[PDB]
Amino acid sequence: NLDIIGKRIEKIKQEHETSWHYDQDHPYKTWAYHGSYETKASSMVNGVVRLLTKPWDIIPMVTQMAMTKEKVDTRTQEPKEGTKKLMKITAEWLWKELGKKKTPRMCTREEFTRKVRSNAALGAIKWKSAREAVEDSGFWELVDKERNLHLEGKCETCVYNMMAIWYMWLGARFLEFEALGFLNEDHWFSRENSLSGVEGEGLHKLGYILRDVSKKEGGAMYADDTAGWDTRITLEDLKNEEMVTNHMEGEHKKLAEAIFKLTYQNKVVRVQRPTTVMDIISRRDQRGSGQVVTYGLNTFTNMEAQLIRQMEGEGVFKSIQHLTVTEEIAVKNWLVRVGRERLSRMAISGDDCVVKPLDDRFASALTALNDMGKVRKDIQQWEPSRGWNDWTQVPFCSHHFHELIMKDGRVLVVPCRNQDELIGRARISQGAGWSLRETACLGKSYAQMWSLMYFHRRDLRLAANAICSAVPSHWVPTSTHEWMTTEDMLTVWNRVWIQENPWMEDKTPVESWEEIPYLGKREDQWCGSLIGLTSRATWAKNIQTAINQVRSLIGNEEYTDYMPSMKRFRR
Ligand SMILES: C[C@@H]1[C@H](C(=O)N2CCCC2)CCCN1S(C)(=O)=O
Ligand SMILES: [Cl-]
Ligand SMILES: [Zn+2]
């Protein structure tokens, strides 16, 4: 407790000896409050994308996206003994399986520096930017001090800042990356290694993966969301995740144990409270880690929970209250006998899952799932899950997936979501100080993503071609990301959908964009197309005038006309 968090608490109080007010009106119940001290990033519109998507200026679902808790202060109960036993047995077996073909290892200062020098979200807070602290040895001396302290089993500076997303100073992030970065850097949650995972799988992969799950004999496909997954991570979950250290050795094992003990299973956080003080609060459970370590540990614990729910549906155990000695044997024998087969019936991306169980008993197998605290979103606690009968209607990673047959008979499985969401996101830039050139290169990144993933949506292929025509041809797209390149998008399309696509036997390249199909016109409208509206017809017909408006603003640069890549503009 205070023996582990005290030092961190003391150091902050000292730097705020003046203003250390123990407010007696603190709003925290489930967080432990310690003290306070005196202190003092909205959406911005991308003008390049907006000028080239004029019909959407009058669609509230698009325009409202650019305008403008009671979950974090909740307390999850302690799982029953039978549940705790199911979780420990499953977790032990799952780390063994994930470790069979992987070797845990420390990630290096050298690896961390490259990442920072390639700009990535390390959710970090003397040095202005991380790119600077990484080139100054003084920061690394600070890392050494905390590191040696971690080897002592104590912590000084690994403190969270709330905003939910939990930022730390770069030094704490390095220590987390050095101990646990291997999970992501060496692809422990790849589909090949984990069977349920999809780490490294682009949107041109996910629909084919759902279709492969659909081919298994079984019941409906279930895709139940958890209500605030991060807030429902129990201290028992944090202890099963820590068992990854059992696969480690020497220094690494010690360093990993310290991240789990001192930063995850005990947390210190600073929150901005307008009534404007900074509150120093602590607690033991819930998810607060780097977003990338959070992804892999979410995937792990979700894989564990869904195998246990599958066990409950198959009747492997009778009640969560208490597991008999023989029921433990049975659970272990199920895992050994069919565990890998049951993992292959799932697609799991952090807190997001799709499960095709052995049959529909799974729908009403709710006791372990509720008792683990993984309570389903938008459904009564004991109401049976509603499954999907068609893999093309299953939601996963904010998408659904269409089966699309090319004029030459080959099959594309394409990602899709409501088009208002796609256009609304492309119209938003994050942060400030953007030049016109940098705003244009972000618009081009969205346009090239649309050409690669959403080519089958009439409005996005036309808008992508218009943006790529309006932005200098050689300007590089800014902020898998196969669209982040200056290479010709037809060549990238061929590499992604044909050459490298393991579900495509015939490798005959496509010679033009007109060989590449669209959804049916009615399906396109169902998924939010404006095709058939007067606003959209005038936009399409007059598109060269919009392209010329943006070219005039950017100035006298080298531009390519991509519009004739489409039949209607091809004379
Ligand atoms: C690439 C991710 C995800 C992944 O590999 N991540 C590792 C840590 C951050 C997320 C895998 C599923 C697919 N998506 S998605 C739908 O493109 O966002
Ligand atoms: Cl359905
Ligand atoms: Zn669709």
Side-chain angles (χ1 to χ4, degrees), residues 115 120-123 165 176-177 180-194 196-211 214 219-223 229 287 289-300 302-303 346-354 356 360 363 385-404 412-423 425 445-446 449-450 452-461 480-484 496 517-529 531:
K115 300 185 70 67
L122 300 174
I165 304 74
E176 180 189 51
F177 174 74
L180 297 176
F182 71 93
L183 285 176
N184 186 250
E185 292 301 313
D186 302 341
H187 307 306
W188 277 50
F189 298 104
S190 74
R191 195 156 192 81
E192 168 177 313
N193 188 54
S194 70
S196 307
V198 288
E199 184 281 337
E201 299 291 5
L203 286 164
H204 58 279
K205 300 287 210 152
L206 296 183
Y208 285 113
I209 290 168
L210 291 188
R211 188 183 68 172
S214 87
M221 296 182 51
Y222 297 85
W229 174 275
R287 179 77 73 216
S289 320
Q291 51 163 117
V292 175
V293 172
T294 292
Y295 176 83
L297 294 187
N298 284 349
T299 306
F300 182 81
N302 206 6
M303 285 171 65
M346 310 194 289
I348 301 184
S349 193
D351 63 351
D352 206 8
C353 62
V354 174
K356 192 170 181 186
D360 297 310
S385 291
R386 291 171 293 269
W388 302 88
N389 298 123
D390 171 8
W391 66 269
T392 67
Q393 316 286 318
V394 172
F396 186 50
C397 294
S398 294
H399 287 74
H400 59 280
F401 302 81
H402 297 255
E403 219 182 29
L404 175 57
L412 301 173
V413 180
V414 299
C416 194
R417 60 192 287 186
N418 182 269
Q419 189 185 265
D420 293 342
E421 299 176 9
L422 291 175
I423 293 182
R425 300 160 89 73
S445 308
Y446 276 100
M449 176 179 78
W450 292 345
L452 209 45
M453 297 301 101
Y454 308 119
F455 46 90
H456 51 90
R457 310 306 307 285
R458 291 164 173 76
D459 296 345
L460 299 191
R461 192 189 298 197
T480 66
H481 27 72
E482 297 274 18
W483 58 87
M484 300 301 295
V496 165
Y518 295 107
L519 298 183
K521 176 176 132 139
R522 187 182 306 290
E523 309 183 282
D524 211 345
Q525 290 173 333
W526 287 343
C527 291
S529 182
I531 193 71

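Ligands are counted one by one from 1 in listed order, and the atoms in each one are counted from 1 as well. Positions are given from 1 along the sequence.
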Sub-4.5 Å side-chain heavy-atom contact between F396 and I209: no
Flag if over 12 foreign heavy atoms under 6.0 Å of CZ, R425: no
Pairs under 3.5 Å, nitrogen or oxygen of ligand 1 with protein nitrogen or oxygen:
unit_1   : atom_1 : unit_2 : atom_2 : d
ligand 1 : 5 (O)  : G200   : N      : 3.4

Verdict with reasoning, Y454 to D459, per side-chain hydrogen bond (donor to acceptor under 3.5 Å, both in side chains): CA-CA 10 Å; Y454 308 119; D459 296 345; over 6 Å; no
Residue pair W450, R457: steps toward the side chain to side chain contact (heavy atoms under 4.5 Å, CB included) verdict: CA-CA 9 Å; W450 292 345; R457 310 306 307 285; over 6 Å; no
Tally of protein N, O or S atoms, where distance to the Zn ion (ligand 3) is under 2.8 Å: 4
Qualifying residues under ring-ring contact (aromatic ring centres under 6.0 Å, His included), relative to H402, sequence neighbours excluded: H400
Pairing residues for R461 by the salt bridge (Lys or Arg N to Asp or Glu O under 4.0 Å) criterion, not counting sequence neighbours: none
Residue pair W391 / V413, side-chain heavy-atom distance below 4.5 Å: yes
Note, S194 side chain near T299 side chain (heavy atom, < 4.5 Å): no
Side-chain heavy-atom pair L460, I423 within 4.5 angstrom cut-off: yes
